[PDB]
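Engineer: Got a structure for you, written out below as structure tokens; questions coming shortly.
Every residue, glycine as well, gets a Cβ built from its backbone with ideal geometry; the counts of neighbours run over all protein chains shown. Only the coordinates and a few stated rules stand behind these numbers; no lab work does.
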Amino acid sequence: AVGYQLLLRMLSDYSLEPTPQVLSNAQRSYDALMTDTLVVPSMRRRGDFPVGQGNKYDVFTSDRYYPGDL
Amino acid sequence: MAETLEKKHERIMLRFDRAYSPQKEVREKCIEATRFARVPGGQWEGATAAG
């Protein structure tokens, strides 16, 4: 992946036009890199959203509302 | 003829075990229903801590 990106960024020094096969290989390598690196977040609760009576707060849980912060 | 109390007590213990063994799921369901209907947090019992 690094080599293909460097080749694409450097061919202009020697004034050469990349070929579709090289472009496709670079795209595949970059996609592999980036799907390895991918992380997705989770949308946490708002903070004023109430928690129900089923959780049995004040005994099992201290707060009656979601903190929803760092 | 169970002259001693140490001989009378284990008979009572076995009788209690015999009486307790069969009638365990009926009282199970009765206690579950009462707790479900009256405890303010009982409708979600069995999964109170989950996430």
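Engineer: In the list B:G41, B:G46, which residue meets the criterion of being small (G, A, S), surrounded by 10 or more Cβ atoms within 10 Å (Cβ to Cβ) and closer than 18 Å to A:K56 by Cα?
Structural biologist: Values: B:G46 fails: surrounded by 10 or more Cβ atoms within 10 Å (Cβ to Cβ).
Criteria check complete, one pass: B:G41.
Engineer: On to the next question. For segment A:45-52, check the following and say yes or no: at least one residue is surrounded by fewer than 11 Cβ atoms within 10 Å (Cβ to Cβ) and free of Cβ contacts under 8 Å to residues at least 12 places away in the same chain.
Structural biologist: no
Engineer: I would also like to ask the following. Restricting attention to segment B:19-51, and to residues there that are within 14 Å of chain A (Cβ to nearest Cβ) and among the aromatic types (F, W, Y), which single residue is nearest to A:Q53 (Cα to Cα)?
Structural biologist: Let us first name the residues in segment B:19-51 that are within 14 Å of chain A (Cβ to nearest Cβ), namely B:35-36, B:38-51.
Next, from what is left, pick out any that are among the aromatic types (F, W, Y): B:36, B:44.
Values: B:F36: 13, B:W44: 8 Å.
Ranking the qualifying residues of segment B:19-51, first place goes to B:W44.
Engineer: Quick one: would you say B:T4 is of a type in the set (S, T, Y) and surrounded by 10 or more Cβ atoms within 10 Å (Cβ to Cβ)? Steps first, answer last, please.
Structural biologist: Values: of a type in the set (S, T, Y): yes; surrounded by 10 or more Cβ atoms within 10 Å (Cβ to Cβ): no.
Against the criterion (of a type in the set (S, T, Y) and surrounded by 10 or more Cβ atoms within 10 Å (Cβ to Cβ)), B:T4 does not qualify.
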